[PDB]
Amino acid sequence: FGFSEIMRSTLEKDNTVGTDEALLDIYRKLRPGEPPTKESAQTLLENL
Amino acid sequence: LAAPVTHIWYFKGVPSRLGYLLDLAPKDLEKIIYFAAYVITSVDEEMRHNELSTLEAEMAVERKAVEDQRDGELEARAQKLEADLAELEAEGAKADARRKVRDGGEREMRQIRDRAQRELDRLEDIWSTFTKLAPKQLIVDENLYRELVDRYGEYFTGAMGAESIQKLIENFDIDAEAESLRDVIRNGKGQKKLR
Amino acid sequence: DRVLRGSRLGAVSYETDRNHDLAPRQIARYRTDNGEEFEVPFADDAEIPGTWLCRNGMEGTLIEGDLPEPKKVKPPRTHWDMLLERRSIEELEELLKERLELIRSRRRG
Amino acid sequence: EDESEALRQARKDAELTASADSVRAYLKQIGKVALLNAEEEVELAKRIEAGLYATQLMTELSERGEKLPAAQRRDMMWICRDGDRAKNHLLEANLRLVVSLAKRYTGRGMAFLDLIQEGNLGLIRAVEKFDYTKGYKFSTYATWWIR
Amino acid sequence: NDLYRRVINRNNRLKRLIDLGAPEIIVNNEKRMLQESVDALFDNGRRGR
Amino acid sequence: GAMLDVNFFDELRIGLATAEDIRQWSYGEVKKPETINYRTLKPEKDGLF
């Protein structure tokens, strides 16, 4: 997304680095109340 | 019924009349009446007042014994590192491989003192939540409430559910509450006055 | 969708509704173990039962004490009986003292 | 920094959540207690039998006889308390067995949690009826009473 | 009759568990179930499914 | 206030029912979740009917 001011602006404003950290973030926003494990949090989006 | 049950009409429909009467937030009221969080129904004051001094003496003694076992850990890791010095000071190897075992031992010491900081913070949190105890105060972490119960079984009573809500309604003075509310609407302003 | 015709499981009688000559009745008085009293109208040619099930869902005895109330059985399915039917007293005793030795040798030598 | 640090932070944040479904709340509540093995079940059963005989003996003695050995009476009440502690620990261990058996009857007639609580009653009866001298795994005996 | 039957069933089971002697997890789950049954009797679909 | 519902009305007052009003309205405690015997169709003892 080299042409997109919106996309590079949101990459500047993402306040999140690390694929595992972002994966834990979307796991916490998606599944409330479950203790997060690495393999289940990784395969949640893929299985969904 | 073998256990009391709240009416759904006076708890759920906005505005929640039980929440307005007891001055509890709806998310902190659903957690009480649907068995997810404890609630301090009552607390002692003067027994709490003199046992503050006696129990802080006992707390300092217990934390001092914790520190005694902690310096036992300090001295044991020091003797272990000196044993590693004796068994690695005459073995011809690389300059860092003979010292990476000592760095691993120091990392083990660093996590020992991190665990000591963790348990001291746990004990500090327990003492803080005893010293700031009051009615209509929720306690999540059943383990923490359990620890407060078995260490401080006197000085307060806590419960969970519609029985606790009934106890709070019983320990409630409508005339004094109304005098406080009319004092606020006569004096203050803004969000507090609207509330 | 249909013309369905259904009846509840009872029949309606229709005689006259008179209130001048009725069968004679006499009122008993039962008191529960709550300290609450209830009155029930029985018939004249009717034996008064000793215990009546009142409106509280609890058994209320009569208020004029006349009956040798019985000595009925304990409900015999307790954990002690379910233990005794597969064990022995000496086995329970040696297990009791073996468990006692743990607290004795924990508190003292 | 993802070696259980952020995982621990998200674990505590998930532990302090609401989880507004009752089935999910009960499963999260029963997931805390760890499982057991044969020797642990044997020693829990021995403590149960010792505590039951202790309270039976103390009731049948104090019904007609009064004695005051202080240490002996204190350890007798200690046995009576810790037997019930052992029994509660055994039940809280086998709650997952109850749920795993009751999950295959759903959809016909009753709810899910009614089935689970009926299995709880069956598990209490199996703990009452359990015997360790024959020497078997506890789940094989308790499955009959639960079903 | 289904809502009244669920209330009466859960209340009888709770009386059985209390007079038997059961751990806190079982008894608290039973009390929460009884509360949800009475709530569903008075107003269905107000709190939850 | 009277409850025979003869046509002499002045008011209709609604309040908040207490437990000592409920167990004073009632005529007995229903304590079994049974409705009707399956073979003879007569209402069961201490049931809902």
# chains A, B, ... in the order shown; residues from 1 in each chain; ligands from 1

call {"tool": "closest_atom_pairs", "arguments": {"of": "chain F", "to": "chain C", "cutoff": "9 Å", "atoms": "only C-alpha atoms", "output": "CSV"}}
result
residue,atom,partner,partner_atom,distance
F:23,CA,C:56,CA,7.6
F:26,CA,C:55,CA,7.6
F:27,CA,C:55,CA,5.6
F:28,CA,C:55,CA,4.2
F:29,CA,C:57,CA,5.0
F:30,CA,C:57,CA,7.9
F:31,CA,C:57,CA,8.2
F:41,CA,C:9,CA,7.2
F:42,CA,C:9,CA,7.6

call {"tool": "write_last_selection", "arguments": {"atoms": "N, CA and C atoms", "output": "mmCIF file, in the first residue's frame"}}
result
data_model
loop_
_atom_site.group_PDB
_atom_site.id
_atom_site.type_symbol
_atom_site.label_atom_id
_atom_site.label_comp_id
_atom_site.auth_asym_id
_atom_site.auth_seq_id
_atom_site.Cartn_x
_atom_site.Cartn_y
_atom_site.Cartn_z
ATOM 1 N N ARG F 23 -47.872 -14.833 51.014
ATOM 2 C CA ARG F 23 -48.323 -16.003 51.754
ATOM 3 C C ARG F 23 -49.555 -15.727 52.602
ATOM 4 N N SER F 26 -52.142 -16.614 49.252
ATOM 5 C CA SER F 26 -52.116 -17.977 48.745
ATOM 6 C C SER F 26 -52.995 -18.913 49.565
ATOM 7 N N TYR F 27 -53.392 -20.014 48.931
ATOM 8 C CA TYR F 27 -54.240 -21.027 49.545
ATOM 9 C C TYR F 27 -53.499 -22.319 49.839
ATOM 10 N N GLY F 28 -52.195 -22.344 49.665
ATOM 11 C CA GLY F 28 -51.411 -23.543 49.876
ATOM 12 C C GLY F 28 -50.188 -23.526 48.993
ATOM 13 N N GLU F 29 -49.194 -24.306 49.384
ATOM 14 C CA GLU F 29 -47.900 -24.284 48.723
ATOM 15 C C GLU F 29 -47.818 -25.409 47.713
ATOM 16 N N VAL F 30 -47.599 -25.059 46.455
ATOM 17 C CA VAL F 30 -47.378 -26.055 45.418
ATOM 18 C C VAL F 30 -45.923 -26.490 45.482
ATOM 19 N N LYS F 31 -45.693 -27.801 45.593
ATOM 20 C CA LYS F 31 -44.343 -28.274 45.867
ATOM 21 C C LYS F 31 -43.943 -29.502 45.058
ATOM 22 N N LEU F 41 -55.966 -38.932 33.979
ATOM 23 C CA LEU F 41 -56.228 -37.512 33.704
ATOM 24 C C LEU F 41 -56.881 -36.789 34.881
ATOM 25 N N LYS F 42 -56.439 -37.092 36.072
ATOM 26 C CA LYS F 42 -56.906 -36.350 37.223
ATOM 27 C C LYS F 42 -55.760 -35.545 37.814
#

call {"tool": "interface_residues", "arguments": {"of": "chain F", "to": "chain E", "cutoff": "8 Å", "atoms": "only C-alpha atoms", "output": "mmCIF file with C-alpha atoms, in the first residue's frame"}}
result
data_model
loop_
_atom_site.group_PDB
_atom_site.id
_atom_site.type_symbol
_atom_site.label_atom_id
_atom_site.label_comp_id
_atom_site.auth_asym_id
_atom_site.auth_seq_id
_atom_site.Cartn_x
_atom_site.Cartn_y
_atom_site.Cartn_z
ATOM 1 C CA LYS F 31 -44.343 -28.274 45.867
ATOM 2 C CA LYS F 32 -44.157 -30.818 43.032
ATOM 3 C CA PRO F 33 -43.663 -30.178 39.325
ATOM 4 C CA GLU F 34 -46.557 -32.450 38.347
ATOM 5 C CA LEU F 48 -49.456 -27.344 39.727
#

call {"tool": "residues_around", "arguments": {"residues": "residue 4 of chain D", "least_positions_apart": "3", "cutoff": "12 Å", "atoms": "only C-alpha atoms", "output": "compact mmCIF listing (two decimals) with C-alpha atoms, in the first residue's frame"}}
result
# COMPACT_ATOMS: atom_id res chain seq x y z
CA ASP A 20 1.89 -11.89 18.14
CA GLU A 21 0.97 -8.71 20.02
CA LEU A 24 -3.38 -11.15 21.09
CA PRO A 35 -7.53 -17.37 28.74
CA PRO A 36 -5.41 -16.82 25.64
CA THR A 37 -2.93 -19.43 24.49
CA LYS A 38 -0.47 -18.99 21.65
CA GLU D 1 8.59 -10.07 25.33
CA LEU D 7 0.15 -13.54 27.70
CA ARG D 8 0.04 -13.18 31.49
CA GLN D 9 -1.30 -9.63 31.21
CA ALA D 10 -4.05 -10.74 28.82
CA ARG D 11 -4.70 -13.76 31.07
CA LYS D 12 -5.35 -11.53 34.09

call {"tool": "interface_residues", "arguments": {"of": "chain D", "to": "chain E", "cutoff": "12 Å", "atoms": "only C-alpha atoms", "output": "short mmCIF file (atom, residue, chain, number, x, y, z; two decimals) with N, CA and C atoms, in the first residue's frame"}}
result
data_model
loop_
_atom_site.label_atom_id
_atom_site.label_comp_id
_atom_site.auth_asym_id
_atom_site.auth_seq_id
_atom_site.Cartn_x
_atom_site.Cartn_y
_atom_site.Cartn_z
N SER D 19 -18.10 -12.49 31.31
CA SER D 19 -18.50 -13.80 30.78
C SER D 19 -19.97 -14.09 31.12
N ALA D 20 -20.85 -13.30 30.51
CA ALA D 20 -22.28 -13.21 30.82
C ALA D 20 -23.09 -14.47 30.48
N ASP D 21 -22.54 -15.60 30.05
CA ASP D 21 -23.31 -16.82 29.88
C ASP D 21 -23.03 -17.76 31.04
N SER D 22 -24.08 -18.39 31.56
CA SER D 22 -23.95 -19.15 32.80
C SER D 22 -23.19 -20.45 32.58
N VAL D 23 -23.37 -21.08 31.41
CA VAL D 23 -22.62 -22.29 31.08
C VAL D 23 -21.13 -21.99 30.98
N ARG D 24 -20.79 -20.90 30.30
CA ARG D 24 -19.39 -20.49 30.16
C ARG D 24 -18.79 -20.11 31.50
N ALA D 25 -19.58 -19.46 32.36
CA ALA D 25 -19.12 -19.11 33.69
C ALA D 25 -18.87 -20.34 34.54
N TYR D 26 -19.72 -21.36 34.43
CA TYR D 26 -19.51 -22.57 35.20
C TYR D 26 -18.31 -23.35 34.70
N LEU D 27 -18.09 -23.38 33.38
CA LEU D 27 -16.92 -24.07 32.85
C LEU D 27 -15.63 -23.37 33.25
N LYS D 28 -15.62 -22.03 33.21
CA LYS D 28 -14.47 -21.28 33.66
C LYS D 28 -14.24 -21.44 35.16
N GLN D 29 -15.31 -21.61 35.93
CA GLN D 29 -15.16 -21.82 37.37
C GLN D 29 -14.58 -23.19 37.67
N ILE D 30 -15.03 -24.23 36.96
CA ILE D 30 -14.53 -25.58 37.23
C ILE D 30 -13.19 -25.87 36.58
N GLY D 31 -12.72 -25.02 35.67
CA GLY D 31 -11.44 -25.29 35.04
C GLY D 31 -10.23 -25.03 35.91
N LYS D 32 -10.41 -24.42 37.08
CA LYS D 32 -9.28 -24.00 37.89
C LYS D 32 -8.61 -25.18 38.60
N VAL D 33 -9.41 -26.09 39.14
CA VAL D 33 -8.88 -27.16 39.98
C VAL D 33 -8.24 -28.23 39.10
N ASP D 84 -13.82 -33.63 55.54
CA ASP D 84 -14.72 -32.92 54.64
C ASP D 84 -13.95 -32.06 53.65
N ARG D 85 -12.78 -31.55 54.05
CA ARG D 85 -11.91 -30.88 53.09
C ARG D 85 -11.49 -31.82 51.96
N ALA D 86 -11.14 -33.06 52.31
CA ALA D 86 -10.76 -34.06 51.32
C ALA D 86 -11.92 -34.40 50.39
N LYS D 87 -13.12 -34.56 50.95
CA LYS D 87 -14.29 -34.90 50.15
C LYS D 87 -14.63 -33.79 49.16
N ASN D 88 -14.56 -32.53 49.61
CA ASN D 88 -14.81 -31.40 48.71
C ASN D 88 -13.77 -31.32 47.61
N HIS D 89 -12.50 -31.61 47.94
CA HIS D 89 -11.45 -31.59 46.93
C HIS D 89 -11.67 -32.68 45.88
N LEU D 90 -12.14 -33.85 46.31
CA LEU D 90 -12.41 -34.95 45.37
C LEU D 90 -13.54 -34.60 44.41
N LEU D 91 -14.63 -34.01 44.94
CA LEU D 91 -15.74 -33.60 44.08
C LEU D 91 -15.32 -32.53 43.08
N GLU D 92 -14.57 -31.52 43.55
CA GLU D 92 -14.11 -30.47 42.65
C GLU D 92 -13.09 -30.98 41.63
N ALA D 93 -12.41 -32.09 41.93
CA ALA D 93 -11.57 -32.72 40.91
C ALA D 93 -12.41 -33.37 39.82
N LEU D 95 -15.57 -32.81 38.77
CA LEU D 95 -16.57 -32.02 38.04
C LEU D 95 -16.40 -32.04 36.52
N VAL D 98 -17.98 -35.10 35.17
CA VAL D 98 -19.43 -34.93 35.14
C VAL D 98 -19.87 -34.16 33.89
N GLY D 109 -35.25 -32.88 25.49
CA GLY D 109 -35.95 -32.71 26.74
C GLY D 109 -35.44 -31.63 27.67
N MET D 110 -34.32 -31.86 28.33
CA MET D 110 -33.86 -30.96 29.38
C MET D 110 -32.82 -29.99 28.83
N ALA D 111 -32.39 -29.08 29.70
CA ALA D 111 -31.38 -28.08 29.37
C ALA D 111 -30.00 -28.71 29.48
N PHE D 112 -28.96 -27.88 29.46
CA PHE D 112 -27.62 -28.41 29.68
C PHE D 112 -27.27 -28.41 31.17
N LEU D 113 -27.53 -27.31 31.85
CA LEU D 113 -27.08 -27.17 33.22
C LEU D 113 -27.91 -27.98 34.20
N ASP D 114 -29.16 -28.29 33.87
CA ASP D 114 -29.91 -29.26 34.66
C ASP D 114 -29.26 -30.63 34.60
N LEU D 115 -28.80 -31.04 33.41
CA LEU D 115 -28.08 -32.30 33.26
C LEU D 115 -26.79 -32.29 34.05
N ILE D 116 -26.07 -31.16 34.04
CA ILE D 116 -24.81 -31.09 34.77
C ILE D 116 -25.05 -31.18 36.28
N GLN D 117 -26.08 -30.51 36.80
CA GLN D 117 -26.33 -30.57 38.24
C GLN D 117 -26.88 -31.93 38.68
N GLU D 118 -27.61 -32.61 37.80
CA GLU D 118 -28.00 -33.98 38.11
C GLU D 118 -26.80 -34.92 38.13
N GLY D 119 -25.86 -34.71 37.21
CA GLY D 119 -24.60 -35.43 37.29
C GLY D 119 -23.82 -35.11 38.55
N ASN D 120 -23.92 -33.87 39.04
CA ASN D 120 -23.29 -33.50 40.31
C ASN D 120 -23.85 -34.31 41.47
N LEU D 121 -25.18 -34.47 41.50
CA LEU D 121 -25.80 -35.31 42.53
C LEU D 121 -25.34 -36.77 42.41
N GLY D 122 -25.25 -37.27 41.18
CA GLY D 122 -24.77 -38.63 40.99
C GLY D 122 -23.32 -38.81 41.42
N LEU D 123 -22.50 -37.79 41.19
CA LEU D 123 -21.10 -37.84 41.59
C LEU D 123 -20.96 -37.83 43.11
N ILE D 124 -21.80 -37.06 43.80
CA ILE D 124 -21.81 -37.06 45.26
C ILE D 124 -22.17 -38.45 45.79
N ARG D 125 -23.15 -39.09 45.15
CA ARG D 125 -23.51 -40.45 45.57
C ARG D 125 -22.39 -41.45 45.28
N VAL D 127 -19.15 -40.78 45.30
CA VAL D 127 -18.13 -40.55 46.32
C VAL D 127 -18.55 -41.18 47.64
N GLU D 128 -19.85 -41.14 47.94
CA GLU D 128 -20.36 -41.86 49.11
C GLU D 128 -20.16 -43.37 48.98
#

call {"tool": "residues_around", "arguments": {"residues": "residue 165 of chain B", "least_positions_apart": "6", "cutoff": "10 Å", "atoms": "only C-alpha atoms", "output": "list in words"}}
result
residues 4, 5, 6, 18, 22, 29, 32, 33, 39, 41, 136, 159 and 171 of chain B

call {"tool": "closest_atom_pairs", "arguments": {"of": "chain C", "to": "chain E", "cutoff": "12 Å", "atoms": "only C-alpha atoms", "output": "CSV"}}
result
residue,atom,partner,partner_atom,distance
C:77,CA,E:20,CA,11.4
C:78,CA,E:20,CA,9.8
C:79,CA,E:20,CA,10.7

call {"tool": "residues_around", "arguments": {"residues": "residue 98 of chain C", "least_positions_apart": "5", "cutoff": "12 Å", "atoms": "only C-alpha atoms", "output": "PyMOL selection string"}}
result
(chain C and resi 91-93+103-105) or (chain D and resi 46-47+49-51+79)

call {"tool": "atom_distance", "arguments": {"atom1": "atom CA of residue 45 of chain E", "atom2": "atom CA of residue 27 of chain B"}}
result
18.2 Å

call {"tool": "atom_distance", "arguments": {"atom1": "atom CA of residue 35 of chain E", "atom2": "atom CA of residue 99 of chain D"}}
result
21.4 Å

call {"tool": "interface_residues", "arguments": {"of": "chain D", "to": "chain C", "cutoff": "12 Å", "atoms": "only C-alpha atoms", "output": "VMD selection string"}}
result
chain D and resid 43 to 57 71 to 80 82 to 83 87 124 to 134

call {"tool": "interface_residues", "arguments": {"of": "chain B", "to": "chain E", "cutoff": "7 Å", "atoms": "only C-alpha atoms", "output": "list in words"}}
result
residues 1, 2, 5, 8, 34 and 35 of chain B

call {"tool": "residues_around", "arguments": {"residues": "residue 27 of chain A", "least_positions_apart": "2", "cutoff": "9 Å", "atoms": "only C-alpha atoms", "output": "PyMOL selection string"}}
result
chain A and resi 22-25+29-32+36+41-42+44-45

call {"tool": "atom_distance", "arguments": {"atom1": "atom CA of residue 114 of chain B", "atom2": "atom CA of residue 69 of chain B"}}
result
14.3 Å

call {"tool": "select_by_dssp", "arguments": {"residues": "chain D", "states": "helix (DSSP H, G or I)", "output": "PyMOL selection string"}}
result
chain D and resi 5-15+22-30+38-62+70-102+113-129+138-146
